[PDB]
Amino acid sequence: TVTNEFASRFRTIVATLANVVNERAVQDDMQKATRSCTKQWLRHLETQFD
Amino acid sequence: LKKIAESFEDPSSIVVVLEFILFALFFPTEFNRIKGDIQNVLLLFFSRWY
């Protein structure tokens, strides 16, 4: 395959987890920058897994 | 096509996609000769983003 099925599934896992952490962030009145930071760290793990 | 290692994490990775668009404009023929080897980059970008 052009794409690992394992990395794909982990990426959808981080899709769900990232939306869960964004929900949790907006509910808890967090600054947009720290949000950008957790979101970026999440993408970072996504590529490392890739 | 010379290899391009692009993970496509940050939005600014679009810089590389932009490069390809320019290549299909400034040199449509040479681009046609290496379209495909470029598509190998584009399906990474497209998998990751869409």
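In order, the protein sequence lines correspond to chains L and Z. Taken in order, the first sequence gives residues 643 to 692; the numbers are from UniProt numbering. Taken in order, the second sequence gives residues 495 to 544; the numbers are from UniProt numbering. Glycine included, each C-beta is placed from N, C-alpha and C at the ideal position.
query	result
Cβ-based burial, Z:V535 [other Cβ within 10 Å; buried from 16]	buried
Alpha-carbon spacing of residue 545 of chain Z relative to Z:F521, whole angstroms	In the structure as shown, chain Z starts at 495 and stops at 544, and residue 545 of chain Z therefore has no counterpart that could be examined.
Assigned exposure category for L:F648 - 16 Cβ within 10 Å defines buried	exposed
Z:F539: first and last residue of the uninterrupted alpha helix (DSSP H) it sits in	533–543
At least three beta-carbon pairs within less than 8 Å, the stretch 649–663 of chain L to the stretch 685–692 of chain L	yes
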